[PDB]
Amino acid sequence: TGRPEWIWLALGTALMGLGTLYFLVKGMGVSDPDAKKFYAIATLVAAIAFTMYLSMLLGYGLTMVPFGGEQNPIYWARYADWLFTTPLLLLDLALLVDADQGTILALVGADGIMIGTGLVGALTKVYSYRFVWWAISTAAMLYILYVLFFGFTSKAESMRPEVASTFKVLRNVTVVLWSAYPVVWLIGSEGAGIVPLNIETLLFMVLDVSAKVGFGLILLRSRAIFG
């Protein structure tokens, strides 16, 4: 098939198979348990992205959805990816500031809504409805960013300065990265079609890798992961 965006997928596969491995060996070296599970979580988060990017590299998780008179190419392997990785990364932040069970259930439940409506909206055939789904989804995301920015950050201050200090950085990678996502969906292949597909995969690879591997390196690298 040799699609123009395969380059960026072959590239995604490589940066995540490589991140997954670095995490995995470093993780099996640690003896602390509190810190030990920040390592399993990251080995798993990179690993899921990895089988997905590669599988896509290989022509799976791609489907043609009709709308706007075209036969639009929708990569759904992305939502299977995000479905499991986004709630776990939120789990990374919740363990860190000692979240309640209630707040974690809520962040996860809303996260399920983000991706579920994201996917539905990306498989819709009526052009204006795609955008109703994109919108309930984004609203879910703003909600999660709200909690994190207002709730978690009130609570990262019951921690040590090294923990709040670390939470502020990861919290800042999240807010910046997670919010570009709805803007890319919408100007590219799933939304307006302004940005062609090789450039979309290229921007989703950079947010993905930044957000999983850039995130893991910063987290696993801090003193705060030792309870």
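Numbers follow the displayed sequence, beginning with 1.
The PDB entry reports B-factors from which the mean C-alpha value can be compared for 160-168 and 174-182; the larger average falls on 160-168.
Look at the mean CA B-factor for 57-65 and for 42-50 in the entry; the higher one is 57-65.
In this PDB entry, residue 152 carries a Cα temperature factor that places it within the highest third of its chain's modelled residues. Placement of the Cα temperature factor of residue 197 within the chain: middle third of the modelled residues, per the deposited record. In this PDB entry, the Cα temperature factor of residue 137 sits in the bottom third of its chain's modelled residues, the lowest group.
In the deposited entry, the Cα temperature factor of residue 102 sits in the top third of values across the chain's modelled residues. Split the chain's modelled residues into thirds by C-alpha temperature factor. Residue 114 is in the lowest one.
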